[PDB]
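Step one of this worksheet: look at the structure below.
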Amino acid sequence: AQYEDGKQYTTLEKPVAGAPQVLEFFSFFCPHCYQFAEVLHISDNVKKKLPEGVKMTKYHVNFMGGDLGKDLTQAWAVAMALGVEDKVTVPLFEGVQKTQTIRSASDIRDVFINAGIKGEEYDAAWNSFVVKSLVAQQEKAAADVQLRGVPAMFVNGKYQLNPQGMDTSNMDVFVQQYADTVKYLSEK
């Protein structure tokens with residue numbers, strides 16, 4: 001049929017219990033993740049097609065970018081904790097990869113400030129137990145899917161998206177096929 005194991009998706013040989021329904025891993029240092037978020041808008045388009053009541057989650061990973069990468073995973077935990085993922089995603093991607101103006105923890109904080117998150121609020125979150133828990137949560141999730149690279153997306157901790165099996169000659173077609181696969185898997 002249209003959808004086929006090994007084509008638009010693969011099946012984890014050891015599924016993850018309690019995983020988020022739709023789980024994307026990315027790194028602000030990853031060029032393909034920059035392509036996913038800034039040119040393809042994968043996550044916005046996936047969200048648009050998700051069935052009623054199925055929600056999507058993004059976690060940041062550390063195996064890219066060294067110490068700054070660890071800071072960016074903690075900053076993303078701040079963004080989840082504060083609900084500002086959509087305020088900071090673009091200036092964090094561009095600051096790391098486009099202008100290369102993000103080179104320290106302080107530079108990341110400046111992005112949150114300029115996006116409306118006051119400094120005292122950012123520091124409180126940065127040093128909070130909630131954020132520590134969210135860092136550990138992101139790391140545990142990637143380990144549980146034996147994550148080896150990004151970007152990556154998993155549905156119900158069972159199925160892994162396989163973009164290499166999709167048509168890449170037209171980006172809008174690729175995005176449509178990617179999002180329709182997430183829709184199909186979420187209903188499976």
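The numbers here are math on the coordinates, done by the rules we state, and not lab data. Positions of Cβ are generated from backbone atoms using ideal geometry, with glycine treated the same way; all protein chains shown enter the neighbour counts.
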Can you tell me which residue within the range 8-44, out of those that are surrounded by fewer than 18 Cβ atoms within 10 Å (Cβ to Cβ) and within 18 Å of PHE174 (Cα to Cα), is farthest from the chain's Cα centre (by Cα)? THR10
Is it the case, given these coordinates, that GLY149 is closer than 23 Å to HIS32 by Cα, free of Cβ contacts under 8 Å to residues at least 12 places away in the same chain and not in a helix (DSSP H, G or I)? yes
